[PDB]
Amino acid sequence: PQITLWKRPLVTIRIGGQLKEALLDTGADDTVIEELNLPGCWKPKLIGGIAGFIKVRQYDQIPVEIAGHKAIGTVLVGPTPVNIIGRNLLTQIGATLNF
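Going by the deposited numbering, the sequence shown opens with residue 1, and the numbers climb by one from there.
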């Protein structure tokens, strides 16, 4: 699909057997999903942006379906206003910017 940028690029993903809405964010290195009791051993991580850092739990090799496309990679779990799909998963689905 082609996603225009008139409104925030929000899409449906599937993670941990749950369906959620997430923002496709080319400015995010990593993927950050809101409080989700994900299974696995995780490692602590701090990630940052405007107004600073939050603590998150890093889970690896987590399958994430994005608009019907299967990806598998690192997901960071912590308190966020919006679920964010970052480049680590966008690349796995052949996503590009075009102009």
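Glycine is no exception: its CB is placed at the ideal position from the N, C-alpha and C atoms.
Residue i, DSSP secondary structure in three states
| i | result |
| --- | --- |
| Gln18 | strand |
| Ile3 | coil |
| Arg87 | helix |
| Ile62 | strand |
| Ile93 | helix |
| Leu38 | coil |
| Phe99 | coil |
Neighbour-count burial assignment, residue i, 16 or more Cβ in a 10 Å radius
| i | result |
| --- | --- |
| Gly17 | exposed |
| residue 101 | Residue 101 falls outside the range modelled here, since the chain spans only 1 to 99, and no answer is possible. |
Whether residue i touches residue j by CB criterion (7 Å)
| i | j | result |
| --- | --- | --- |
| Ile13 | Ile72 | no |
Other residues of its chain near residue i: CB distance less than 6 Å, five sequence neighbours each side excluded
| i | result |
| --- | --- |
| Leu46 | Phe53 and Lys55 |
Span separating the alpha-carbon of residue i from that of residue j
| i | j | result |
| --- | --- | --- |
| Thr31 | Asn98 | 21 Å |
| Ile33 | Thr80 | 7 Å |
| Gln58 | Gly40 | 10 Å |
| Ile50 | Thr91 | 24 Å |
| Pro44 | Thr96 | 30 Å |
Nonlocal neighbours in the same chain, by C-beta distance under 7 Å from residue i, ignoring five residues either side
| i | result |
| --- | --- |
| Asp25 | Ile84, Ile85 and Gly86 |
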